[PDB]
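Engineer:
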Amino acid sequence: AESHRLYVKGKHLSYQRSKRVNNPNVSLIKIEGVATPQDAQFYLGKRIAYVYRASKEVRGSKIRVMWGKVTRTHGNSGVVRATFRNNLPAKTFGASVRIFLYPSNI
Amino acid sequence: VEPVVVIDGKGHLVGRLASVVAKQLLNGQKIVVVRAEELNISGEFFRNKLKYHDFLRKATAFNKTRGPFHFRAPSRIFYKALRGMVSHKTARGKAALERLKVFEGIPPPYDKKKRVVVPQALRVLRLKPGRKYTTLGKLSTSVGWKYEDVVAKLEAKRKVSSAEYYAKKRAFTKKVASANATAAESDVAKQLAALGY
Amino acid sequence: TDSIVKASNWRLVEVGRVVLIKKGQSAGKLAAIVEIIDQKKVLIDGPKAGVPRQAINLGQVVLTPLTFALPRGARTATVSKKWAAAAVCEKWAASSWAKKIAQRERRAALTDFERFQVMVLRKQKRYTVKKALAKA
Amino acid sequence: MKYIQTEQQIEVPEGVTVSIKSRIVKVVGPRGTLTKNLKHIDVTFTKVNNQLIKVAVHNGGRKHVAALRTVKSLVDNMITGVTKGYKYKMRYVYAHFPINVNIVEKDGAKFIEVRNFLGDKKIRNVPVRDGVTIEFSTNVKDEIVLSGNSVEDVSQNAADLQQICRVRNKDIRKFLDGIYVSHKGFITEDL
Amino acid sequence: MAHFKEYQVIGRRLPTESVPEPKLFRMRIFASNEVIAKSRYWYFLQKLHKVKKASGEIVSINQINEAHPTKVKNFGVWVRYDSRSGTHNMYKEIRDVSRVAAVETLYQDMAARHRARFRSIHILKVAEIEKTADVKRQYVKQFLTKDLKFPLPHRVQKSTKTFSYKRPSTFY
Amino acid sequence: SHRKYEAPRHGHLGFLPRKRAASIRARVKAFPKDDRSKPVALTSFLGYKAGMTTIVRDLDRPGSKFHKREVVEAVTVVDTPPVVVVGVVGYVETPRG
RNA sequence: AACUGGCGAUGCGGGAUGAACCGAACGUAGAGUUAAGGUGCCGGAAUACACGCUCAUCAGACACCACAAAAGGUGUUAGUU
RNA sequence: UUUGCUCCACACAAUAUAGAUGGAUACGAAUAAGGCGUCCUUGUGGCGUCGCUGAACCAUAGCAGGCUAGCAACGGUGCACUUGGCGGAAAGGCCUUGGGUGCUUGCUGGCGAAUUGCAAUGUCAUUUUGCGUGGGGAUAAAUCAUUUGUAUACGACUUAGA
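Residue numbers (the authors' numbering), protein chains in the order written: chain f, 320 to 425; chain O, 3 to 199; chain M, 152 to 287; chain H, 201 to 391; chain S, 1 to 172; chain B, 2 to 98.
Set out below in C-alpha cells:
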C-alpha cells in the first residue's frame with residue numbers, strides 16, 4: 320500500500336553482435352540482478368511491458384507499451400532475451416522495463 | 003538505490019578501475035566522484051612523469067598545437083586512461099559518457115553525503131606487496147597543477163567539520179543505543195526474534 | 152617499562168584446529184586438522200562433521216581460532232575420540248555470527264501473513280518504542 | 201626459498217620506553233626520543249617483557265632477509281643514538297695554503313669559513329646540520345668534533361661535508377688536500 | 001594435463017611355437033587411459049628390444065588401486081628429461097600421499113620454472129622417502145620441522161556487489 | 002639532406018600572436034608582492050607618452066670606463082596626473098584561482 | 001626445375017590490416033548446433049577457478065604476421081656434481 | 001515603442017522526457033586494523049567488543065488508499081506562520097522558538113465496494129509556453145547617418161555631436 324510495484328524490472332542492453340554485427344531483432348536483455356542461471360525455467364515465458372509515454376494518443380491512451388517474454392539464457396551467468404511484436408528502435412539501450420509473473424505455473 | 007552514486011577515490015586502481023567503470027555508464031549509470039587527487043598505480047613515481055613527457059611531444063606538424071592536447075587536471079588525466087576504454091564517440095556512447103562527474107576534493111554540496119569504495123579496484127588489494135605507487139595531485143602539482151593546497155585546506159576544514167558532526171553523531175547514538183538498549187525483553191522481540199531476528 | 156605492541160596478531164593455526172570449511176561439500180562444516188601437508192594444503196578430518204580424513208587448499212578453508220588438542224598422526228577413532236574430549240561446537244554456536252546466519256536464515260523462514268505480523272509488530276512494538284519514547 | 205617465520209630478536213635495556221602503535225614505535229631513551237614510520241615493513245612487532253622485541257613476518261623471503269637482518273642493525277644504531285649518541289672527529293688538509301676554518305654564524309645557521317682554499321679568493325661556507333652538534337677539536341690542528349644520534353646524522357654530515365672539498369682542476373691523484381675524517385665516537389664517550 | 005592412475009600393463013611379446021608365452025612382463029604405468037598407457041608402454045618397449053608395436057602382445061592391465069590410502073608419505077624422484085639445451089637427469093623430493101600428485105606438481109614446477117615440456121621427459125624412479133634422514137631438500141626439511149602455529153596477516157574477502165559502504169580492514 | 006650549416010635564426014616565441022593583438026590598454030601578467038606586515042601599498046601606475054629628449058648627467062662606476070665623468074642621456078618623459086580612488090572588489094579565492 | 005593446394009574463375013566465419021594464410025565454400029527461408037576464432041573495456045562471451053615464474057631507469061602481451069647476435073650480468077629462481 | 005515591458009495568485013490549453021514510480025540514509029585515521037563501548041591517572045593505560053556482511057536501518061493496512069463512530073494515552077506528523085544560529089568551494093543549504101492544524105491501522109464501531117465481466121498499463125513526474133483572471137514593479141539602450149586619428153585594402157579599431 321506504499322510500494323506500488325508488482326513486477327520485475329530490467330534494462331535493455333542491446334541487440335546481439337555475434338562479434339561484430341548486431342542482431343537487430345534479437346536482443347541483449349538485462350535481468351534485475353540474477354547471475355544464478357538455475358532459477359529460470361519457471362521464468363521462461365513471463366511477459367515484458369515497455370511503457371513509453373508519447374504525447375501522441377492511440378485508441379485509448381498516450382501510454383503505449385511494447386512487450387516480450389523470457390525464452391532461455393546465454394553466457395556464463397544465464398542472461399535471457401525477449402520476443403517483439405515490434406522491435407526496438409536500436410536506441411533503447413539502458414531503458415527500464417516491466418517483467419511479469421504470468422503465465423504462472425502456479 | 004542511488005541514481006547518482008557518491009564515491010570517494012582514495013588509493014585505488016586505474017585501468018582496472020576504469021575498464022569496468024567504463025562498463026558502468028553504459029547502463030544509463032550516473033555517478034559523482036569526489037577526492038580525485040587520491041589515486042595510486044602499481045609502478046614507481048619515477049618513470050611515469052617521464053612517460054608523460056614522452057607523450058607530450060606528439061602534435062601535428064604544420065600547426066604544432068592542433069594535435070593531441072595536454073592538461074593537468076587529474077580527472078582529465080584519468081580520462082586519458084578512460085578514453086581508450088570506452089566507445090566515446092556516438093549518440094549511444096556519448097549518451098553514456100554524459101552521465102558522470104568527478105571532483106577534486108569534496109565540495110560543500112557534497113559534504114552531506116556518504117562515501118563508498120570498490121575492493122576490486124582498491125589499490126592495496128590487487129597488490130603483490132612490494133610495489134611502489136604515486137600520489138596523484140602530488141605528481142600533478144609537480145608538473146604544475148598548482149591549485150592543490152586550496153582544497154587541501156578545505157578538505158581539512160570539512161573533515162574536521164564532519165568529524166565534529168560525528169562527535170555529535172557517535173556521542174549521540176550511544177545514548178540512543180542506551181535509550182532502547184533498555185527495551186530488552188519485549189515478547190514481540192521474542193516473537194520476531196523467533197521470526198528471524 | 153613499556154614496549155607496548157598493539158596489533159598484527161589474529162587467529163592462529165595448529166594441527167588439531169577444528170576449522171570452518173569455508174567452501175565445498177561441507178561449505179561450513181567443521182574439521183580438526185590432522186596434519187599439515189604444506190603451505191597450501193593440510194590433512195584434516197571432521198568426524199563430527201562426518202567428513203573424511205582428507206585435504207583442502209588452505210586458501211579454500213577458513214580458520215576458527217578455536218583450538219583443541221590432538222595427538223598428530225592418528226586415525227578417526229582417535230580423532231573423534233579427541234572430539235569427545237572436544238565437544239566444542241557449542242562455542243561457535245556461542246559466536247553470534249553463526250547465530251546471525253541462523254538469524255538471516257530465520258528471516259528467510261517467514262510466511263507473508265507472519266511477515267504481516269512482523270509489520271504490525273513494528274507498529275505495536277515500535278508504538279511501545281514511541282511510548283518508551285513518546286515523552287521519554 | 202621462503203623461510204617459514206622470519207624475525208629480529210632484539211634485547212631491550214631498561215633506560216628506554218617505546219610504544220609501538222600497531223606498527224609505529226614511540227622510542228624513548230636516557231638521552232632522548234626517537235620514532236620511525238615502520239609501516240613499510242609489515243611485521244607484527246613483539247614485546248616480550250621490556251627486554252626483547254621481535255619483528256614478525258610469517259614466511260619471509262630471501263631479499264626480505266637481505267634487508268631484514270640489517271633491520272636489526274639500523275634499529276640498534278637507533279638504540280645507540282637514543283641512549284648514547286655518536287661523536288666523530290674529522291680532518292682538514294692543506295699543504296701550502298693555510299685554510300682558515302671557522303663556524304661563522306649566519307643566524308644560527310652555523311656556516312664554516314673555508315679561507316685560502318688553495319689560494320682561492322672564493323670562500324667556502326658550510327652550514328651545520330643540526331641535531332648533530334659540533335665543537336672545534338681543540339689542541340689538534342685540522343680536526344673538529346661532531347656529535348649526533350644517527351650514523352648518517354654524523355656520517356651524512358661527514359659524507360657531504362666530506363663532499364665539500366671535492367677538489368678538481370689539477371692532477372689530483374697527485375694533488376691531495378681537503379676535508380677528511382679522523383675519528384668516530386660517542387656523545388657520551390665510553391657509551 | 002589431467003589426472004593419472006596407477007596402471008599395470010603386462011606384456012608377453014608374441015608367442016611362437018618355439019616360445020609359447022614369453023614371460024609376461026609388466027610395467028606400472030601412471031596414465032589417464034589404458035590406451036596411451038599402452039602406447040607409452042610400447043614406446044618404452046622399442047627402447048627395450050628389437051620390437052615394434054605389432055611385433056608383440058600385451059597380457060593384461062590392472063589399475064593398481066589402494067586398499068590403504070590413508071597414510072601420508074614423502075617421496076624421492078629421479079628424472080630423465082630434455083631441456084632446450086641440456087638433456088639430463090635429476091633427483092628431487094616431494095611429500096605426498098599419492099605419486100600422481102607429485103607428477104602434477106612436478107610438471108607445474110618444470111613447465112613453470114624450467115619451461116619443461118613433457119614429450120621429451122621420462123621420469124626414472126620414485127623411491128619414496130620414509131625417515132627424517134632420508135631428505136636432501138631443505139624445503140622438505142621445512143616440513144620436517146615441528147609445530148608451526150601462527151596468525152594470518154592481511155586477510156581478504158570478496159565484495160557482495162562491487163562495493164562496500166566502507167574501506168575495510170585486513171584483519172584475519 | 003641537412004642544409005649547409007648551422008646559424009641563429011630570427012624572432013622570439015613567447016610573444017605570439019602577431020595579429021592585431023589584445024586591446025588599446027595592455028594586460029598585466031605579474032605583480033609586486035603584497036606584504037601584510039606592511040601598510041597600505043599598491044602595485045603600479047599609468048602614464049602618457051609625453052616626450053623624449055637628451056639630458057646631461059654624471060657617471061661614477063669605479064673600474065668602469067667613464068668613472069668620474071659625465072654623459073648625456075636620451076631620456077623619455079611621461080605625463081602624470083593625479084587619479085581618483087573610488088572602488089574596491091573582494092575576490093573569493095578559489096581552487097581554480 | 002620435379003609433388004600437393006588456392007587465386008585466377010570464389011563468396012562467408014578468425015589473423016586491427018592483408019589475392020593465394022585458419023575454418024568452412026554459395027537456392028529462398030525459419031527452429032535447434034558449432035568450427036576458425038576467442039570471453040578486462042570497445043568486446044558478443046567469465047577482472048571464472050587451480051599451480052608456479054617475473055617487477056622490466058629499455059618486462060610482456062605470439063601460426064599467418066610483420067624479427068637481433070657474439071659476448072656477458074654475485075640479478076633472480078631452482079637444481080646438478 | 002497598443003498602458004507597453006516585467007514580477008505574485010491563478011485556471012486552461014500547448015508542452016517533451018537517452019529513460020520517476022517506498023527511502024542516496026553524510027567524521028577522520030589505520031591496515032602486520034583498529035573501531036566502539038567501558039573504566040581509570042588518561043596513557044601509544046582498564047576491561048570488553050566486533051568482523052567473517054547492507055541480508056543495515058527507516059518506512060510500511062484504508063477509494064495508489066474510502067467514509068464513519070466510540071478506548072488507554074498525551075504521542076507523532078504535516079501545514080503555514082513565527083524564533084534563533086550557521087554555511088563561499090559551488091556557501092544557496094544546514095541546524096533552532098512558538099502557535100495551530102491532521103491523523104494514529106496502538107484499543108473496540110458502522111459501513112463501503114461488483115460489471116474491466118477470462119488477459120488487454122487499462123493512464124498519479126516535470127517539460128516549457130501561451131492566455132485570463134487579479135496582486136506588483138519599472139519608466140531604456142543601440143545602430144545607421146554626421147565627426148576624431150593614433151585606425152584601416154575593405155571589413156574592422158578609436159573620438160565628438162541639443
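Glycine included, each C-beta is placed from N, C-alpha and C at the ideal position.
Which same chain residues, not among the five before or five after S/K52, have their C-beta less than 7 angstroms away from its C-beta?
Structural biologist: Once the five neighbours on either side are set aside, the close Cβ partners of S/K52 are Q46.
Engineer: Would you identify the three-state DSSP class for B/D35, choosing helix, strand or coil?
Structural biologist: DSSP, reduced to helix, strand and coil, places B/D35 outside both helices and strands of the structure shown, so it counts as coil.
Engineer: Counting only runs that start and end within the stretch 90-175 of chain O, where is the beta strand (DSSP E) found for 3 or more residues in a row?
Structural biologist: 102-104
Engineer: Which two residues bound the contiguous alpha helix (DSSP H) that contains H/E352?
Structural biologist: 351-355
Engineer: List the residues of chain M whose Cβ lies closer than 9 angstroms to the Cβ of H/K247, in chain order.
Structural biologist: Correct list: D153, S154, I155, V156.
Engineer: Quick one: Cα of M/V193 to Cα of H/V354, how far?
Structural biologist: If I take the Cα positions, the gap works out to 52 angstroms.
Engineer: Which residues in chain f sit within 7 angstroms of O/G30, going by Cβ to Cβ distance?
Structural biologist: What O/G30 touches in chain f, judged by beta-carbon distance under 7 angstroms, is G413, going in chain order.
Engineer: Taking C-beta pairs closer than 9 angstroms, name the residues in chain M that H/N250 reaches, listed in chain order.
Structural biologist: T152, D153, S154
Engineer: Does the Cβ-Cβ distance between M/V164 and M/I195 come in under 9 angstroms?
Structural biologist: Cβ distance not < 9 angstroms, so M/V164 and M/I195 don't count as in contact.
Engineer: Tell me whether the beta-carbon of f/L332 lies closer than 9 angstroms to the beta-carbon of f/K349.
Structural biologist: yes
Engineer: Suppose contacts are defined by Cβ-Cβ distances below 9 angstroms. Is M/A183 in contact with M/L221 by that definition?
Structural biologist: yes
Engineer: Between the alpha carbons of S/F171 and M/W243, how many angstroms are there, rounded?
Structural biologist: 19 angstroms
Engineer: Quick one: Cα of f/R400 to Cα of f/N344, how far?
Structural biologist: 10 angstroms
Engineer: In chain order, what residues of the stretch 185-216 of chain M put their CB closer than 8 angstroms to some CB of chain O?
Structural biologist: none
Engineer: Would you mind stating whether B/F32 and B/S24 have Cβ atoms separated by less than 9 angstroms?
Structural biologist: no
Engineer: Going by Cα to Cα distance, which pick from H/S347, H/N339, H/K254 is closest to H/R269?
Structural biologist: Of H/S347, H/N339, H/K254, the residue nearest in Cα terms is H/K254.
Engineer: Which value, in whole angstroms, describes the spacing of the CA atoms of S/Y139 and S/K5?
Structural biologist: 27 angstroms
Engineer: If the criterion is Cβ atoms closer than 9 angstroms, does the pair f/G352 and f/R417 meet it?
Structural biologist: no
Engineer: Any C-beta of chain M within less than 9 angstroms: which residues of the stretch 91-120 of chain S qualify?
Structural biologist: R95, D96, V97
Engineer: Please classify H/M278: does DSSP put it in a helix, a strand, or coil?
Structural biologist: helix
Engineer: Please report the straight-line C-alpha distance between f/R383 and M/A200, rounded to a whole angstrom.
Structural biologist: Taking the Cα positions, f/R383 is about 59 angstroms away from M/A200.
Engineer: Quickly, what does DSSP pair f/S333 with across the bridge? List them, please.
Structural biologist: f/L347
Engineer: Nearest-angstrom Cα distance between S/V9 and S/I121?
Structural biologist: 20 angstroms
Engineer: Restricting to Cα atoms, I'd like to know which of M/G175, M/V185, M/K191, M/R266 is closest to H/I204.
Structural biologist: M/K191
Engineer: By DSSP's criteria, M/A206 is part of a beta bridge. Which residues make up the other side?
Structural biologist: M/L194, per the DSSP bridge assignment.
Engineer: On the DSSP bridge list, what partners appear for O/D10?
Structural biologist: DSSP, once it has assigned bridges, lists O/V36 as partnering O/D10.
Engineer: Per DSSP, what are the beta-bridge partners of M/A183 in this structure?
Structural biologist: M/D196
Engineer: Might you give, ordered along the chain, the residues of its own chain that have their beta carbon closer than 7 angstroms to the beta carbon of H/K226, omitting 5 neighbours on each side?
Structural biologist: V218, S219, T235
Engineer: Out of O/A75, O/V120, O/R59, O/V152, point me to the one whose CA is closest to B/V93's CA.
Structural biologist: O/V152
Engineer: Between which two residues does the alpha helix (DSSP H) containing M/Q268 stretch?
Structural biologist: 263-280
Engineer: Can you find a C-beta in chain H that's less than 9 angstroms from the C-beta of S/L144?
Structural biologist: no
Engineer: Helix, strand or coil, according to DSSP, for O/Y199 in the structure here?
Structural biologist: coil
Engineer: Give the residues from the stretch 104-134 of chain O that approach chain S closer than 9 angstroms (Cβ to any Cβ), ordered along the chain.
Structural biologist: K116, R117, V118, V119, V120, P121, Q122, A123, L124, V126, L127, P131
Engineer: Give me the Cα-Cα distance between S/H3 and H/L274, rounded to the nearest whole angstrom.
Structural biologist: Their backbone Cα atoms lie some 51 angstroms apart in a straight line.
Engineer: Taking C-beta to C-beta, are M/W161 and S/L106 nearer than 9 angstroms?
Structural biologist: no
Engineer: Check the Cβ-Cβ distances between H/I253 and every residue of chain M, and say whether any is below 9 angstroms.
Structural biologist: It does; some Cβ of chain M falls within 9 angstroms.
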